[PDB]
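These values consider heavy atoms only, across backbone and side chains, with no hydrogens, waters or symmetry-generated copies. We're numbering straight along the sequence, starting at 1.
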Amino acid sequence: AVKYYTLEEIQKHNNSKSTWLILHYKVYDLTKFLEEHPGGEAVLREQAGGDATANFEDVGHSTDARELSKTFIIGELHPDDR
Ligand code: HEM
């Protein structure tokens, strides 16, 4: 099965308690990854609650980075909001 979230729900997760963002229609919970991110936590908090796909691809993340990102997926963006 798969859990779907709306943009309205995702937008709420951008505080000190929770940080979610969207990448390629998938929802990632990066709350506990903030301090481990090689690119820093500031670049993640700025995109929190929205779609960061372009910025993610813009810096050109490596294969290892993409493989690791999969562990943070909690669902997908609801089809109606795509
Ligand atoms: C899905 C979560 C993400 C993971 C697992 C992740 C992981 C990493 C890793 C492992 C690196 C080191 C270089 C590499 O291996 O490519 C990196 C660098 C970087 N990341 Fe991310 N990243 C994520 C999301 C993002 C997002 C959404 C942004 C921007 C909006 C971002 C901005 C950067 C920046 C600025 C660097 C530095 C690149 C450089 O110095 O060339 N990352 N990230």
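Here the CD atom belonging to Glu35 is positioned 11.5 Å from the CG atom belonging to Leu44, to the nearest 0.5 angstrom. Expressed to the nearest 0.5 Å, how far OG1 of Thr71 lies from NZ of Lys32 amounts to 11.5 Å. Within the model, atoms CZ of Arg45 and CG of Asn15 stand 8.5 Å from one another, a figure rounded to the nearest 0.5 Å. Taking CG of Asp51 as the start and OH of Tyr25 as the end, the distance is 7.0 Å to the nearest 0.5 Å. The NZ atom of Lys12 sits 11.0 Å away from atom CG of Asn14, with the distance rounded to the nearest 0.5 Å.
Between the side chain of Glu9 and the backbone N or O of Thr6 there is at least one donor-acceptor pair closer than 3.5 Å. Remark: side-chain polar atoms of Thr53 are paired, donor with acceptor, to backbone N or O of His24 under 3.5 angstrom.
Two residues are said to be in side-chain contact when any heavy atoms from C-beta on lie closer than 4.5 Å; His37 and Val43 meet this criterion. Annotation: side chain of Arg82 is in contact with side chain of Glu76 (closest heavy-atom distance under 4.5 Å). The side-chain heavy atoms of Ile22 and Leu7, taken from C-beta on, include a pair separated by under 4.5 Å. Contact annotation: the side chain of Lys70 never approaches that of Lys26 to less than 4.5 Å [non-hydrogen atoms, C-beta and beyond]. With a 4.5 Å cut-off on side-chain heavy atoms, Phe56 and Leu21 do not count as touching.
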Could you walk me through whether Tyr5 and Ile74 pass side-chain contact (heavy atoms from CB on, under 4.5 Å), step by step? CA-CA 9 Å; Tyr5 296 89; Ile74 59 168; 3.8 Å; yes

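Between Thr31 and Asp29, the side chains place a donor N or O and an acceptor N or O closer than 3.5 Å (distance only, hydrogens not considered).
Considering every non-hydrogen atom in both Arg66 and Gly60, the closest pair reads NH2-C, 4.4 Å.
One hydrophobic cluster holds both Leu23 and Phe33 under the rule that ILVMFWY side chains link at heavy-atom gaps under 4.5 Å.
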